[PDB]
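Engineer: Just dropping this structure here.
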Amino acid sequence: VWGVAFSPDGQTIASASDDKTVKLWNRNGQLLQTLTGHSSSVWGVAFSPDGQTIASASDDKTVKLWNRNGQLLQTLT
Amino acid sequence: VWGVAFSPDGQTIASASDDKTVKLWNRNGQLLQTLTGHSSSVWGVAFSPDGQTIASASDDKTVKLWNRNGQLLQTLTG
Amino acid sequence: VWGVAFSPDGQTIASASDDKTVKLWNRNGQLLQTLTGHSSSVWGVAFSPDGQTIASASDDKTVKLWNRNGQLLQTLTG
Amino acid sequence: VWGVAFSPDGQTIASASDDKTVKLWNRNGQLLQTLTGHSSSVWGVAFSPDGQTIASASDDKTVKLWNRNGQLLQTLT
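The listed protein sequences derive, respectively, from chains B, A, A' and B'. A prime marks a further copy of an entry chain.
Position one of the first sequence corresponds to residue 6 (the deposited numbering), numbered consecutively onward.
Position one of the second sequence corresponds to residue 6 (the deposited numbering), numbered consecutively onward.
Position one of the third sequence corresponds to residue 6 (the deposited numbering), numbered consecutively onward.
Position one of the fourth sequence corresponds to residue 6 (the deposited numbering), numbered consecutively onward.
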């Protein structure tokens, strides 16, 4: 987990945003997804080794797992 | 902020809990193990290169090494 | 704490400086580049898989992408 | 950088210690080195890809590079 990361193919960038979301962009500047669901500040993001799943860590004391298409998969409490 | 980590194959997640334990989960959301032994807050977790050993660093001034099956291996002191 | 990073080949180090710049160094201690453009504190730096692109995240609410030769490529906004 | 890390061969563990040092141990519990030099709290450690160099990051606003034998190589200010 870092507050900002590149996908394993280098084409997607994830960052923790100050509004309790995670933003996903393409390297050309286009915003792809806004991951909404955490109830407090988000401080960390990580990609899985195949780049298909994104993890986020928050001051709400959960870790959430998402598909890169924006869908929430799991909440680890 | 060092209190969450992912195994290098992405199948296991480790997280420090407020009750001074470390939780290990599978990526399907199931809880696998609860690592109990630190006497103060756990601030850092890390996986070994094959994911089979977990290290936990605590305000009790120790680093503990655990197997992913939940067994305590070592307590490192400075 | 996210304000220092290492390239995947270990040859380049990135660090956020208090003057709102990102510094790039070689492992021999020499300063290679100073990335200037953020208007507030820089809190996170990261390298792409080949080390050729650097991302910087700032309290100015942007993420900037740079080539390792110092050129600004993109400013990402939420 | 993380506050605790395994070497790439899994045989050495590095951690930031509360006394402004970095400790290096073998997986069998033996303390190998104490890296002394930072003038404030040390919060992050990392190994190079070959495991021969250790980086440390501190509230003194420096990053230091060390050989695994304990010798200071560089201070990045």
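C-beta atoms are modelled at their ideal positions from N, C-alpha and C, and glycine is treated no differently.
Strictly under 7 Å for the Cβ-Cβ distance: is residue 68(B) near chain A by that measure?
Structural biologist: Looking up residue 68(B) in the first sequence gives position 63. Interface residue, yes.
Engineer: Let me know the secondary structure DSSP gives residue 50(B) once reduced to three states.
Structural biologist: The residue given as residue 50(B) occupies position 45 in the first sequence. Three-state result, residue 50(B): strand.
Engineer: Please name the residue in 37(B'), 31(B') and 68(B') whose C-alpha comes closest to that of residue 50(B').
Structural biologist: Residue mapping note: residue 50(B') aligns to position 45 of the fourth sequence, counting from 1. Checked all of 37(B'), 31(B') and 68(B'); the closest Cα to residue 50(B') is 68(B').
Engineer: Quick one, which residues of the segment 39 to 52 of chain B are near chain A if we go by CB-CB under 7 Å, in chain order?
Structural biologist: Within the segment 39 to 52 of chain B, the qualifying residues are 48, 49 and 51.
Engineer: Strictly under 7 Å for the Cβ-Cβ distance: is residue 15(A) near chain B by that measure?
Structural biologist: Against the second sequence, residue 15(A) aligns to sequence position 10. Interface residue, yes.
Engineer: So if DSSP puts residue 68(A) in a beta bridge, which residue, or which two residues, is it bridged to?
Structural biologist: For this step, residue 68(A) is matched to residue 63 along the second sequence. Answer by DSSP bridge pairing, in chain order: 62(A) and 81(A).
Engineer: Does the count of Cβ pairs from the segment 47 to 62 of chain A' and the segment 8 to 24 of chain A' closer than 8 Å reach three?
Structural biologist: Contact holds: three or more Cβ-Cβ distances are below 8 Å.
Engineer: In angstroms with no decimal places, state the Cα-to-Cα distance between residue 43(B) and residue 65(B).
Structural biologist: As a position in the first sequence, residue 43(B) is number 38, starting the count at 1. As a position in the first sequence, residue 65(B) is number 60, starting the count at 1. Answer to the nearest angstrom: the Cα atoms are 7 Å apart.
Engineer: Roughly how many angstroms lie between the CA atoms of residue 80(A) and residue 32(B'), to the nearest whole one?
Structural biologist: Within the second sequence, numbered from 1, the residue matching residue 80(A) stands at position 75. Within the fourth sequence, numbered from 1, the residue matching residue 32(B') stands at position 27. In a straight line, the C-alpha of residue 80(A) is about 10 Å away from that of residue 32(B').
Engineer: Provide the residue(s) that pair with residue 9(B') in DSSP beta bridges, ordered along the chain.
Structural biologist: Position 4 of the fourth sequence holds residue 9(B'). In DSSP, residue 9(B') forms a bridge with 20(B').
Engineer: I need the DSSP call for residue 41(A), collapsed to helix, strand or coil.
Structural biologist: Position 36 of the second sequence, counted from the first residue, corresponds to residue 41(A). Coil, per DSSP.
Engineer: Would you mind telling me which residues of chain B' sit closer than 8 Å to residue 58(A), beta carbon to beta carbon, in chain order?
Structural biologist: For the purposes of this step, residue 58(A) is identified with residue 53 of the second sequence, where counting begins at 1. Within 8 Å Cβ-Cβ: 11, 15 and 32.
Engineer: Examine chain A for any beta-carbon lying closer than 7 Å to the beta-carbon of residue 62(B), and answer yes or no.
Structural biologist: The residue labelled residue 62(B) in the question sits at position 57 within the first sequence. So yes, residue 62(B) belongs to the interface.
Engineer: Can the beta-carbon of residue 59(B) be found less than 7 Å from the beta-carbon of residue 60(A')?
Structural biologist: To locate residue 59(B), count along the first sequence from 1; it is residue 54. To locate residue 60(A'), count along the third sequence from 1; it is residue 55. Contact flag unset, no.
Engineer: Classify residue 31(B) as helix, strand or coil using the three-state DSSP reduction.
Structural biologist: Indexing the first sequence from 1 puts residue 31(B) at position 26. Reduced to three states, the DSSP call for residue 31(B) is strand.
Engineer: Name the residue from 48(B'), 35(B') and 6(B') whose alpha carbon lies nearest to the alpha carbon of residue 63(A).
Structural biologist: Here the question's residue 63(A) lines up with position 58 in the second sequence. Nearest C-alpha to residue 63(A): 48(B').
Engineer: Taking 7 Å as the CB-CB cut-off, is residue 35(B) touching chain C?
Structural biologist: Considering every chain present, this structure includes no chain C. Its protein chains are B, A, A' and B'.
Engineer: If you measure from the beta carbon of residue 79(A') to each beta carbon in chain B, is any gap under 7 Å?
Structural biologist: Counted from its first residue, the third sequence places residue 79(A') at position 74. Yes, residue 79(A') lies at the interface with chain B (some Cβ there is under 7 Å from its Cβ).
Engineer: Which value, in whole angstroms, describes the spacing of the CA atoms of residue 6(A) and residue 36(B)?
Structural biologist: Counting from one through the second sequence, the residue named residue 6(A) turns up at place 1. Counting from one through the first sequence, the residue named residue 36(B) turns up at place 31. Distance between the alpha carbons of residue 6(A) and residue 36(B) is about 26 Å.
Engineer: Buried or exposed, going by whether 16 or more other CB atoms sit within 10 Å of the CB of residue 77(B)?
Structural biologist: In the first sequence, residue 77(B) corresponds to position 72, counting from 1. Its Cβ having fewer than 16 others within 10 Å, residue 77(B) is exposed.
Engineer: How many whole angstroms separate the CB atoms of residue 75(A') and residue 40(A'), which I take to be in contact at a CB cut-off of 8 Å?
Structural biologist: As a first step, residue 75(A') is located in the third sequence; it is residue number 70 there, counting from the start. As a first step, residue 40(A') is located in the third sequence; it is residue number 35 there, counting from the start. The pair is a contact, with the Cβ atoms about 7 Å apart (cut-off 8 Å).
Engineer: If we ignore side chains and look at the alpha-carbon of each, how far apart do residue 57(A') and residue 29(A') end up?
Structural biologist: Numbered from its first residue, the third sequence carries residue 57(A') at position 52. Numbered from its first residue, the third sequence carries residue 29(A') at position 24. Residue 57(A') and residue 29(A'): Cα-Cα distance of roughly 12 Å.
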